[PDB]
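Working notes for the structure below.
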Amino acid sequence: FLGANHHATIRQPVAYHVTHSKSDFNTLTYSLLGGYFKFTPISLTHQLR
Amino acid sequence: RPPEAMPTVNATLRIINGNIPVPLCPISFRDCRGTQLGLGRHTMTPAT
């Protein structure tokens, strides 16, 4: 009753990144930051520009 | 008291990798293996 992996706003491979990034711990934030950009006929019009 | 049997051969399964005799799996191999494990993981501080 709280959600599902297939209907949520965040999926498991999104956490597999944070759990095994093994980065400098100060770029992981800027990795997630991109990791939260939507993928839509509209969004790319913002990003690729 | 081990009795006086006639000598026979018997074998035991080396249970883990480490038991391999060292002049067949040399030191620096295991050390570089662990180093490959030691990538971006935790390392204690020199003072400790």
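Keeping their order, the protein sequence lines are chains C and A. Counting from 1012, one number per residue, gives the positions in the first sequence under UniProt numbering. Counting from 579, one number per residue, gives the positions in the second sequence under UniProt numbering. From the three backbone atoms N, C-alpha and C, an ideal C-beta is built for every residue, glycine too.
1) Does the beta-carbon distance from residue 980 of chain C to residue 1054 of chain C come in below 8 Å?
2) Alpha helix (DSSP H) containing residue 612 of chain A: first to last residue?
3) Smallest Cα separation from residue 1044 of chain C: which of C/1056, C/1028 and C/1051?
4) In whole angstroms, what separates the C-alpha of residue 1022 of chain C from that of residue 618 of chain A?
5) I need the straight-line Cα distance from residue 592 of chain A to residue 599 of chain A, nearest angstrom please.
6) Quick check: what's the CA-CA separation for residue 1025 of chain C versus residue 1036 of chain C?
In this structure, then:
1) Outside the displayed range of chain C (1012 to 1060) lies residue 980 of chain C, so it cannot be described from this structure.
2) For residue 612 of chain A, the enclosing alpha helix (DSSP H) stretches over residues 605 to 615.
3) C/1028
4) 25 Å
5) Cα-Cα distance, rounded: 10 Å.
6) 16 Å
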